[PDB]
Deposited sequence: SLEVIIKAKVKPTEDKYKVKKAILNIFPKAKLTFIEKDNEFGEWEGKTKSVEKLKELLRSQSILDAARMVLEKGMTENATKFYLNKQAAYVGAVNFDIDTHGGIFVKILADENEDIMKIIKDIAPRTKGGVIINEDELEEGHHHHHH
């Protein structure tokens, strides 16, 4: 498992509130911020742990909802929900879980969203 995280930071945003939103869901992520033109910016991170995510889908009873969005895999989490510690699917936090050559993404999907 390798998790690729990307989040944009608009001029009116607090880069660190965005960072916190990410970590709330992927606490293990190694994140770096890239500056851009006209006050825009972005966070690019990576992590190998989907534990907090799993813990939230369960603790929030949305395993099936997640299962559906997941079916490597890429999806978007709602930044504002992630900020208050919640997992939500409806730019957002770009997430891409990619199973190494010797794994099946589906099996990863079932371990994450039973």
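- Several segments of the deposited sequence are absent from the coordinates, namely 1, 73-78, 98-101, 126-147.
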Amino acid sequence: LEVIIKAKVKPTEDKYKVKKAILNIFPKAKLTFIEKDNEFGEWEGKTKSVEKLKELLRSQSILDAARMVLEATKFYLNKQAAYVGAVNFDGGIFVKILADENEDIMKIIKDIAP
From here on, numbers count along this sequence of modelled residues.
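- Judged by mean Cα B factor in the deposited record, 54-62 ranks above the other of 54-62 and 77-85.
- Stretches 15-23 and 100-108 differ in mean CA B factor, with 100-108 having the higher one.
- Ranked by Cα temperature factor within the chain, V3 sits in the middle third according to the deposited record.
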